[PDB]
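Per the deposited numbering, the sequence shown runs over residues 5 to 64, 68 to 232.
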Amino acid sequence: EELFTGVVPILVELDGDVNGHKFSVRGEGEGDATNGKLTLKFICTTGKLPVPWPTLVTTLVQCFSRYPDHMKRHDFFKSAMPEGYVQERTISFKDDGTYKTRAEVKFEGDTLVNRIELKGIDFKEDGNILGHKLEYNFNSXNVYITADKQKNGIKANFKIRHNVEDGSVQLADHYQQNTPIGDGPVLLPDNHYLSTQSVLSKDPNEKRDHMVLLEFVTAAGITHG
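Here it is in structure tokens:
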């Protein structure tokens with residue numbers, strides 16, 4: 005019965021901890037899955053953020072992807088709602104540290120809500136992350152999604168290339184698992200991918216450390232006939 009017909013509003017709240025630097029982020033926006041489009045505004049609610057906003061983009068809602076008319080049959084993310092789903096990820100940054108995230112994504116009335124715990128261990132103090140040496144952009148990936156028979160959900164891995172201010176690239180190898188919150192009702196997709204493209208900006212008026220994030224996601228990689 006998985007119904008994202010509207011433009012559904014979105015809350016994101018993350019609580020985080022990197023090398024003992026506690027912090028909290030809040031995101032409000034809206035998303036239209038019909039058009040694979042979404043818009044979001046993230047504020048760090050503990051003053052200054054201790055890492056680059058781009059490292060958090062993956063972590064900070069794949070229910071919003073456009074799945075073309077013939078591919079609805081393979082949209083786990085939606086199928087799993089409103090009960091929702093759990094998205095766990097381990098993100099290792101080559102020659103630097105690591106993130107564990109665990110996050111619960113679900114409806115709460117009108118709103119789609121993504122609540123996340125993130126803990127980052129052992130990052131170099133003059134590293135590219137801890138030292139905010141990363142360009143404020145985010146390059147696009149086509150993420151491959153594959154059914155997990157056993158845990159009754161999906162998994163994914165991919166390497167994000169973050170651009171560094173000196174002209175080099177910071178690898179962030181992502182590994183991800185999703186598992187529904189409820190029991191009984193979900194769609195397990197044959198492999199396919201999610202092309203996802205992102206634009207980071209700033210609000211002219213916003214005093215707090217923040218990110219504006221526009222984002223466009225469509226699914227493809229099944230074809231038929």
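All C-beta atoms in this analysis are idealised placements derived from N, C-alpha and C, irrespective of residue type, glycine included.
Short Cβ contact (7 Å threshold) for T108 with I123
The residue labelled residue 108 in the question sits at position 101 within the sequence shown. The residue labelled residue 123 in the question sits at position 116 within the sequence shown. With a cutoff of 7 Å on beta-carbon distance, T108 and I123 are scored as near each other.
In the DSSP assignment, find the unbroken beta strand (DSSP E) run with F165 in it and report its ends.
Residue 165 sits at position 158 when you count from the first residue of the sequence shown. Segment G160 to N170, the beta strand (DSSP E) holding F165.
Look up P13 in the DSSP assignment and say whether it is helix, strand or coil.
Taking the first residue of the sequence shown as 1, we reach residue 13 at position 9. In this structure, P13 counts as strand in the three-state DSSP scheme.
At what residues does the alpha helix (DSSP H) containing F83 begin and finish?
Locating residue 83 in the sequence shown gives position 76, counting from the first residue. Start and end: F83 to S86.
Contact under 7 Å by Cβ, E6 with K113:
By one-based count along the sequence shown, residue 6 stands at place 2. By one-based count along the sequence shown, residue 113 stands at place 106. Contact check for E6 against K113 fails: the beta carbons are separated by 7 Å or more.
Excluding the five sequence neighbours on either side, which residues of its own chain have a C-beta within less than 6 Å of the C-beta of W57, listed in chain order?
Working through the sequence shown from its first residue, we reach residue 57 at position 53. The residues are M218.
Over what stretch of residues does the beta strand (DSSP E) that includes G33 continue unbroken?
By 1-based counting over the sequence shown, the position of residue 33 is 29. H25 to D36 is the span of the beta strand (DSSP E), which, as asked, contains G33.
Pick from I14, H81 and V55 that is closest to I229, judged by C-alpha positions:
Within the sequence shown, numbered from 1, the residue matching residue 229 stands at position 222. Closest by C-alpha distance to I229, out of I14, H81 and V55, is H81.
Residues in the same chain with beta-carbon distance under 6 Å from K166, minus the five sequence neighbours each way, listed in chain order, please.
The residue given as residue 166 occupies position 159 in the sequence shown. Residues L178 and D180 of the same chain have their beta carbon placed closer than 6 Å to that of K166, with the five preceding and five following residues left out of the count.
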